[PDB]
Amino acid sequence: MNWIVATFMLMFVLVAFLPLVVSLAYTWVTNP
Amino acid sequence: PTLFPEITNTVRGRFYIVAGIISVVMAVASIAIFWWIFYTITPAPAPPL
Amino acid sequence: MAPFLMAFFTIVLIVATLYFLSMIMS
Amino acid sequence: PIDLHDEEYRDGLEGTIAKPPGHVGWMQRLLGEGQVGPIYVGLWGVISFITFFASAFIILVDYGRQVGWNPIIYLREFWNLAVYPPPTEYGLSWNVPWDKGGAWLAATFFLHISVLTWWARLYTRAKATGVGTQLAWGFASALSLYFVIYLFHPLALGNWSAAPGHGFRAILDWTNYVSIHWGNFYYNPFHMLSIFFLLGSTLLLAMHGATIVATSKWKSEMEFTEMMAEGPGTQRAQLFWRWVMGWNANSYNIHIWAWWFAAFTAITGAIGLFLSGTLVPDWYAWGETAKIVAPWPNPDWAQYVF
Amino acid sequence: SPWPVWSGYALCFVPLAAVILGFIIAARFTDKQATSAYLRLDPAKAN
Amino acid sequence: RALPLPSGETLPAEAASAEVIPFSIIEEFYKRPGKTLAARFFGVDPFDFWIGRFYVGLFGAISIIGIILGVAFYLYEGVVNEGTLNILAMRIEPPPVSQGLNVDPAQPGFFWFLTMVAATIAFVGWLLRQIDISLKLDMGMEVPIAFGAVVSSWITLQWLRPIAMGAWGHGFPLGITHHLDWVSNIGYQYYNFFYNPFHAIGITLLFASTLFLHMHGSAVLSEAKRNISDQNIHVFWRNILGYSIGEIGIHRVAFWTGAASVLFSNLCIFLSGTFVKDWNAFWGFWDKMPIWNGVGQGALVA
Amino acid sequence: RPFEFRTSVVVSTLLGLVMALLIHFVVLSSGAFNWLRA
Amino acid sequence: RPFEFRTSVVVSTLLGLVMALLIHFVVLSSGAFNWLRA
Amino acid sequence: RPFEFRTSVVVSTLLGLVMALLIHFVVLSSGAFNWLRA
Amino acid sequence: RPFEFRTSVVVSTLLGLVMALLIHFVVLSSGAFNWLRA
Amino acid sequence: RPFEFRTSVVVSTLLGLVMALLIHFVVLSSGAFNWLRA
Amino acid sequence: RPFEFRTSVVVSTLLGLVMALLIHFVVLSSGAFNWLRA
Amino acid sequence: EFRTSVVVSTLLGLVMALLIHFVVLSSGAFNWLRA
Amino acid sequence: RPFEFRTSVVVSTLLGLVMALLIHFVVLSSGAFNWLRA
Amino acid sequence: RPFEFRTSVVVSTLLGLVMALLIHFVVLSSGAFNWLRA
Amino acid sequence: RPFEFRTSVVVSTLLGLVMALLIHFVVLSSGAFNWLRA
Amino acid sequence: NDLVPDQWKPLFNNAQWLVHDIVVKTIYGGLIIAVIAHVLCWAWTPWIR
Amino acid sequence: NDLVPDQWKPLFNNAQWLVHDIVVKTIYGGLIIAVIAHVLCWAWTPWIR
Amino acid sequence: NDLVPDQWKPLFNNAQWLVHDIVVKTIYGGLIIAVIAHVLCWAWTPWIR
Amino acid sequence: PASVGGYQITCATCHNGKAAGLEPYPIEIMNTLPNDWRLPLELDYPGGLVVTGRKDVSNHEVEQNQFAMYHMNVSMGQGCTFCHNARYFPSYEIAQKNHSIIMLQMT
Ligand code: BCL
Ligand code: BCL
Ligand code: BCL
Ligand code: BCL
Ligand code: BCL
Ligand code: BCL
Ligand code: BCL
Ligand SMILES: CC(C)=CCC/C(C)=C/C=C/C(C)=C/C=C/C(C)=C/C=C/C=C(C)/C=C/C=C(C)/C=C/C1=C(C)C(=O)CCC1(C)C
Ligand SMILES: CC(C)=CCC/C(C)=C/C=C/C(C)=C/C=C/C(C)=C/C=C/C=C(C)/C=C/C=C(C)/C=C/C1=C(C)C(=O)CCC1(C)C
Ligand SMILES: CC(C)=CCC/C(C)=C/C=C/C(C)=C/C=C/C(C)=C/C=C/C=C(C)/C=C/C=C(C)/C=C/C1=C(C)C(=O)CCC1(C)C
Ligand SMILES: [Fe+3]
């Protein structure tokens, strides 16, 4: 439980990153 | 008999169901099989002296 | 009985999936 | 009366260099402008550049002296190398050996000149290109904090050791040591004000950038035009913030908010740092007499122990 | 004895009062200006 | 006619398509009901009205439930249960780490759990309501993205890290001046959180956020009420620093730096709890990377 | 009309629900009743 | 319509589901019943 | 008219509710009454 | 025509999936069933 | 002209001032002279 | 007209109120008077 | 997009392979590289 | 105007003030002169 | 054209220089050869 | 022309200077020569 | 607004009057139930003591 | 709205009346089931004690 | 605004007057209840002592 | 106190299986400290590393204090709040700070 649950929560922190990354990729793709 | 003809009739939309299913099971199998391997090969933390 | 039940519920998941995907893939 | 081409493409001192402007390309795709453009060299940029170069050169060759002149130990310890101010003994004196704070005093003096002449450059180029001098005064607030850290708080404490040690790890160490020496900076109330203004700075920056990028389709980003007549993007921005939180700003007010939140960050920080050493030696002890410290009779310390 | 020190008060509470009050007043005037009538592009046309 | 401008300047009309329009007109033109997230999902937004200036959606009502209940639970735990009467000395503490992840109404720390759950409901409802209102105004989803960065910073501190640690007492107490005690004790437990690299990145982006905010407020205020060709600020920003990011670029960088600061920050506190116990010990590998192990003598060896 | 009837209904119903939840939680946490093992 | 039937249905159903979940979670966390090993 | 009647109603009602809650909380936390197991 | 059949299907299916996931996770975390470890 | 006289003057004067300060700083910190109680 | 009269009134009234509060709090915290329990 | 699925699958496979190799090597279970 | 007189005045005055402050600071901190009770 | 020749030249030359420096460092720090008093 | 001659000159000269400095510093710090009291 | 009494015609629509009647009757029923619940909880455990 | 009684014609559409009837009958069935569940849980373990 | 007395006609609409009457009567009832509650709480436990 | 335990110092306490070549301050525990740094046993320890609000010390003494405190962090892996309430370091809340005073006097 320690490492499985810990890594699932880690992946949620990185998921939180994800939206901003989508914003940057949006800017790049839509500015061609 | 469907309400999402653009999702269940068209090959591109019909394919999206299989794509989503396969991606969900691929991610779940990824995580589950990793943690299985890790917990079976990793030794138990050495018993306290 | 837990391994029995987990296998049972995964096969019910799979058979459900074959059934309704068969309908969608009709 | 202001030639925008002449201010960009004059030559020499009181002119620009790198005048054939390059294009970065990815900066144009991601940020919308990729021209590096010419950069001005105007007798204040020169003082700034050469005094900063003197400062950095002193610091770097003292890093070299500290690693026994070994350029690998240099690269390995570069981030924990630092040129520390003179120790507490002989604290304000400048007759300190070069290795024990002698290099720090010279480098810090040249850095002072560099930041002051950079302020002068900001001011003179704002006047030369026709814009207001708001950036020079914002830098002056930042410099108020800076000169408290390096000049005014070491003085009035009696020792140069109160100042940071010119290093990648030394500034973090300095912040730790100063909060530890004066109790707990969390109970420094002007530190709390400055954190209010810093986190409100980041909150307003994020909100402003996000609002303008969201209303970007209707050219909300052209603030100069929007301040003459508010277009549909600025209207949508105002309505978004009115419906979200019941009040809004226009194209002009929001930048007043921005400027003042950042300036207050710097100013309240300077005040709190100057107060910590000279007037209130202990912030937690002061916080108990101020009744702002929560009683903690029986803390659960299992959380904080491994 | 129940009373914080003069120092405590000055420092924490009148800056607390100033920040709260001043923020509220600045917001009041921010929105008076923002909701006043000035040159906008008519929405029916420009949009 | 005087022709009042958005800045507050009255310019005498000759010395554009603009007309002096009342805000009430702007506000009523842009109402457009029924575009919200709830109206896509259910076919209708249950609350599609405005209460005063505020838009009340489905997620606005959820958010206001969360707000009222969170404020009332906060003040119950700290006026009652603590008896303090002054908000600077009250101590809204989670259940003890002894209790683990389970919650008990009889045990202390129950009203912290309720305040945290209602505050999470309030914050997520605020985020979803921002999505509502951006959908109503045909805007981009950037404001919800930034607020989601900070809401995920809250989720990390009160949900993800306490769950991963497994004790629910690893959430920070909800006390003015006392959550600072938690921040200090967590910062020193994993000693030198300054050496935490995601923490250093977070501080770098916080300082850069305040710097960009000052520079942008300066730039827009400096060209505000002057006869300027809109290229004066660009020339100024190329004379200083030899680069002008442009109008759309400074707002993009604003949004991005703002969000990224707290994103790297929540990565820092989460790692600080679960994977790294000591942030000085973390950097033990650096002097042993094999490219500079061997070269040193005395204190100059490592 | 000073107050839309729908607005008053929403506000009153939400206030009543929030107050019922708050009072239930205060009474249950008080341990004064011996309800749900109190 | 101020009072659409669809709106009342959505609100009532969501309120009922939220309240059922809340009450289940309060009762399960209370440990007052011995349900699911309590 | 200096004040909309709706504004005065909202302000007075919210002030009264906030004050009732505050006074109830202060009186209950004082332990001066022996109400809800003192 | 109110209540499109498509809408009811989407809402019911999503509610059922969310509830199945929630109940599975609550039951697995309770350790009454011990994440199937037995 | 390729070189402006004002530029050379600024550069030379600033270099001379920086070098005078640096050399004074180095000589005073060396403690080799007994100047200002060394 | 160097100053609007309304501005001077606001500033003077706010300064007087702030100073009255500050002086009252300084005098009460000094414990020099025996006012409100010494 | 097929390119998106390819990128995601390839990156997941590489990350998985690295993770499993590192877990197996650190376990000291197999006699690999003097373990 | 290769050199503006105002520029030279500003630079010379600022240099003189900075140097006076620096020299005063250095002489005071040296403790070589017994100033203000050393 | 997939690759400008200048780009490939820059990348290859920088990679070669970085690798030469890295390998020299690694070999010198290993102390496995008596190079430079090792 | 793949490479401006000025660019190659700048890069080569800077690389040579950096490498000369690096090698001098490595050799002097090695203490392998007895140069400058090593 | 025909169904509304003319006293309350400035305030209540025709449909709002029926929903108001439902709300009033629900509030009254809830009040009776609340009074009964309070009397029962007092007979069980007085909270004022 | 012909299927709707005239008393509720200002409020209920023709289709909304049938869905309301379904909702009412579902609420009644759920109430009966909830009463049965509460009686069973009380006979099992009284929560008021 | 006919129902409003001419003294308060500059301030009160026709509908605002009825809602004001409701608010006034509610405030009066709440005041009577508050006085009764205070007398009861004083007879129970005097807080001034 | 007995709450610590009744553990007593013996041979293996300091030798840990090595007769000679005992190295206090190995390079493992000198990670971010200066390698030359040693515990300052010169000072009178019930108050030797005290730094808070002193006004006769500055960041140099705070740095020495922090070197000693991180040495204690490594020596007992429980980190910095093992014997401190980090909101006030001068406080003796945790009672491992008193044991540490006894141990500083002992070393
Ligand atoms: C075990 C005893 C516990 C307790 C545990 C619970 C639990 C557990 C629950 C309640 C719920 C309720 N309890 Mg209780 N309750 C207790 C003590 C009390 C006391 C009292 C003072 O003692 C009171 C007054 C109540 C009052 C109530 C009501 C709020 C509610 C039941 C009626 C209701 O409105 O919803 C009636 C419910 C319906 C009308 C919903 C009908 C839904 C239909 C039947 C569908 C059901 C879902 C179905 C499986 C989906 C199938 C779909 C497929 C596609 C076909 N409880 C004690 C402490 N109580 C229930 C509730 O719903 O909360 C809102 C519930 O969840
Ligand atoms: C005490 C002996 C110390 C030492 C301490 C110093 C100090 C101290 C200084 C030098 C400086 C210099 N030394 Mg030495 N120097 C030593 C050993 C050496 C040795 C040697 C191998 O031994 C050498 C070659 C040098 C070489 C030099 C030159 C680099 C320079 C002097 C000439 C020069 O170019 O500037 C000539 C200077 C001028 C042309 C400037 C003229 C400026 C005018 C006169 C204004 C002066 C300021 C005036 C007060 C302002 C008034 C303005 C009012 C408005 C009217 N030193 C020994 C170790 N050396 C001086 C220098 O300037 O460094 C650049 C200096 O500051
Ligand atoms: C706090 C500031 C208040 C205010 C408070 C007062 C007061 C109070 C008075 C006036 C009065 C005046 N004010 Mg006014 N006034 C305000 C705003 C304004 C503004 C504005 C810009 O709009 C203006 C233009 C004015 C203008 C004026 C004139 C109409 C008038 C005559 C002043 C004069 O001749 O001074 C000349 C006189 C002096 C400057 C004397 C200076 C006094 C010094 C301080 C010595 C005082 C000795 C002290 C009493 C003894 C102390 C002993 C202790 C008891 C131990 N006021 C603001 C709002 N104003 C005066 C008035 O109208 O008379 C009926 C007066 O009484
Ligand atoms: C107990 C003695 C304490 C002390 C405690 C206080 C306190 C406490 C106060 C002062 C205040 C003042 N003291 Mg002192 N003071 C002391 C020693 C001194 C000494 C001296 C050298 O010894 C001096 C010169 C002063 C000087 C002063 C003045 C600054 C001021 C009184 C006149 C003034 O300008 O405001 C005159 C005030 C007015 C003109 C305001 C008029 C406001 C009107 C009357 C409304 C009042 C509020 C009212 C209740 C609101 C009702 C509204 C309803 C809607 C109807 N103090 C000693 C140490 N001092 C008073 C002050 O106001 O500070 C600004 C004050 O608060
Ligand atoms: C006590 C002896 C200390 C020492 C302490 C100081 C101090 C202290 C100072 C100097 C300063 C200087 N010293 Mg010394 N100095 C020492 C040893 C030396 C030695 C030597 C090798 O021994 C030398 C060459 C110097 C050389 C110098 C020059 C750099 C300078 C004096 C002339 C100058 O240019 O400015 C001439 C100054 C002027 C032309 C400024 C004129 C300004 C006018 C008069 C206004 C003055 C301010 C006035 C109060 C403002 C009033 C305004 C009101 C509105 C009316 N010092 C010893 C160690 N030295 C002085 C200096 O200014 O540094 C730049 C100074 O501050
Ligand atoms: C002492 C033996 C050490 C060792 C130490 C080194 C060192 C030291 C180096 C290498 C480098 C290399 N080693 Mg080895 N190497 C060892 C064991 C191995 C083993 C093996 C399994 O055992 C292998 C396969 C290799 C493989 C290699 C290649 C990666 C490379 C040499 C060819 C190459 O591509 O660059 C060929 C290089 C060139 C084509 C560059 C040509 C550059 C021209 C000639 C300019 C040279 C600079 C010149 C002075 C500048 C003058 C400019 C003036 C303006 C005129 N090494 C052992 C452990 N190895 C060399 C390398 O370059 O790494 C990239 C190097 O630096
Ligand atoms: C003491 C012996 C030390 C050592 C110490 C040094 C030192 C010290 C240096 C080198 C440098 C070099 N060494 Mg070695 N070197 C050693 C062992 C080796 C070994 C070997 C395997 O053993 C090898 C292959 C090398 C290889 C090399 C080359 C990389 C280089 C010399 C040629 C070159 O390209 O630059 C040729 C250099 C030039 C073409 C530059 C010409 C510049 C002109 C002449 C100007 C010179 C500056 C002048 C003073 C400025 C005057 C300007 C005025 C205005 C007039 N060294 C041993 C360990 N080595 C030299 C180097 O430059 O590194 C890049 C250098 O600095
Ligand atoms: C210890 C603690 C914490 C105690 C807490 C004490 C408190 C405060 C308790 C609070 C209780 C409250 C307020 C409970 C609330 C109960 C409600 C509102 C239930 C709603 C039922 C709504 C129901 C069943 C709705 C059913 C909806 C149905 C059947 C919808 C059906 C449907 C509709 C209409 C369609 O589209 C088409 C057909 C379809 C079937 C899909
Ligand atoms: C220990 C310490 C610190 C002690 C502190 C001591 C202090 C300082 C105490 C301060 C007390 C104060 C200031 C109390 C305030 C009491 C108030 C304002 C009560 C308001 C009642 C508002 C009321 C009744 C409002 C009623 C509103 C109603 C009835 C709404 C009516 C309606 C409106 C408007 C509609 O459209 C339609 C619906 C309906 C008709 C119901
Ligand atoms: C722990 C350990 C030991 C790990 C190690 C194990 C591994 C992974 C080793 C890795 C080995 C690798 C990857 C080696 C790679 C070597 C390369 C890329 C060399 C590049 C040469 C590039 C060269 C020579 C480029 C030369 C460029 C030249 C001559 C430029 C010429 C010129 C250019 C371009 C001009 O404008 C004009 C003409 C001019 C001649 C001036
Ligand atoms: Fe802007």
Side-chain angles (χ1 to χ4, degrees), chain F residues 60-85 87 90 92-95 103-125 174-175, chain G residues 9-33 35-36 38, chain H residues 11 14-27 29-30, chain I residues 13-31 33 35-37, chain Q residues 27 30-31 33-35 37-38 41 45 47-48, chain R residues 47, chain S residues 30 37:
Chain F
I62 284 163
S63 176
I64 200 68
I65 305 176
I67 289 164
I68 303 164
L69 272 185
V71 168
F73 291 147
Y74 183 108
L75 289 157
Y76 186 85
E77 176 77 43
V79 176
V80 175
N81 295 350
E82 304 232 320
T84 78
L85 222 61
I87 61 171
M90 60 183 47
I92 289 78
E93 278 180 329
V103 177
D104 194 11
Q107 292 307 313
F110 181 56
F111 263 75
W112 175 93
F113 173 74
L114 290 161
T115 312
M116 194 271 300
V117 168
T120 304
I121 287 167
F123 306 159
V124 175
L174 309 173
Chain G
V9 175
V10 175
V11 177
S12 51
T13 189
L14 195 89
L15 174 55
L17 170 75
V18 168
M19 286 309 310
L21 283 167
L22 182 77
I23 298 167
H24 271 94
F25 270 121
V26 166
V27 169
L28 177 63
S29 64
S30 55
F33 271 98
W35 154 41
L36 286 170
Chain H
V11 177
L14 195 89
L15 174 55
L17 170 75
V18 168
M19 286 309 310
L21 283 167
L22 182 77
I23 298 167
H24 271 94
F25 270 121
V26 165
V27 169
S29 64
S30 55
Chain I
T13 299
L14 195 89
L15 174 55
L17 170 75
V18 168
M19 286 309 310
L21 283 167
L22 182 77
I23 298 167
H24 271 94
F25 279 16
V26 165
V27 169
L28 177 63
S29 64
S30 55
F33 271 98
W35 149 50
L36 271 174
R37 198 181 274 288
Chain Q
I27 282 176
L31 282 173
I33 298 199
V35 171
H38 284 83
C41 295
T45 303
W47 54 90
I48 280 163
Chain R
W47 54 90

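Just so it is clear: chains get the letters A, B, ... in the order the sequence lines come, proteins before strands, and each one is counted from 1.
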Are any of the side-chain heavy atoms of [X] and [Y] separated by less than 4.5 Å?
{"X": "G/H24", "Y": "G/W35", "value": "yes"}
{"X": "F/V103", "Y": "F/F110", "value": "yes"}
{"X": "F/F73", "Y": "F/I92", "value": "no"}
{"X": "G/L28", "Y": "H/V26", "value": "yes"}
{"X": "F/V79", "Y": "F/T84", "value": "no"}
{"X": "H/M19", "Y": "G/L21", "value": "yes"}

Please list, one pair per line, the donor and acceptor atoms closer than 3.5 Å that link side chains of residues 9-16 of chain G to other protein atoms, with sequence neighbours excluded.
{"unit_1": "G/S12", "atom_1": "OG", "unit_2": "G/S8", "atom_2": "O", "d": "2.6"}
{"unit_1": "G/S12", "atom_1": "OG", "unit_2": "G/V9", "atom_2": "O", "d": "3.0"}

Roughly how far apart are [X] [atom1] and [Y] [atom2], rounded to 0.5 Å?
{"X": "F/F111", "Y": "F/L75", "atom1": "CZ", "atom2": "CG", "value": "11.0 Å"}
{"X": "Q/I48", "Y": "I/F33", "atom1": "CD1", "atom2": "CZ", "value": "10.5 Å"}
{"X": "F/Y76", "Y": "F/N81", "atom1": "OH", "atom2": "CG", "value": "4.5 Å"}
{"X": "F/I67", "Y": "F/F123", "atom1": "CD1", "atom2": "CZ", "value": "8.5 Å"}
{"X": "G/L22", "Y": "F/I68", "atom1": "CG", "atom2": "CD1", "value": "10.5 Å"}
{"X": "F/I64", "Y": "F/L69", "atom1": "CD1", "atom2": "CG", "value": "10.5 Å"}

Might you point out which heavy atoms bring [X] and [Y] nearest each other, and give the distance in Å?
{"X": "F/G66", "Y": "F/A122", "result": "C-CB, 3.7 Å"}
{"X": "F/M90", "Y": "F/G78", "result": "CE-O, 3.4 Å"}
{"X": "F/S63", "Y": "F/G125", "result": "CB-C, 3.7 Å"}
{"X": "G/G31", "Y": "I/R37", "result": "O-NE, 3.7 Å"}

Considering residues at least two apart in sequence or located in another chain, which fulfil the salt bridge (charged side-chain N to carboxylate O under 4.0 Å, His left out) criterion with F/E77?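 If we apply the salt bridge (charged side-chain N to carboxylate O under 4.0 Å, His left out) test to F/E77, skipping adjacent residues, there are no hits.
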
Can you tell me if H/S30 uses its side chain to pair, donor with acceptor, with the backbone of H/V27 under 3.5 Å?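 Yes, because the side chain of H/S30 sits within donor-acceptor range (under 3.5 Å) of the backbone of H/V27.
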
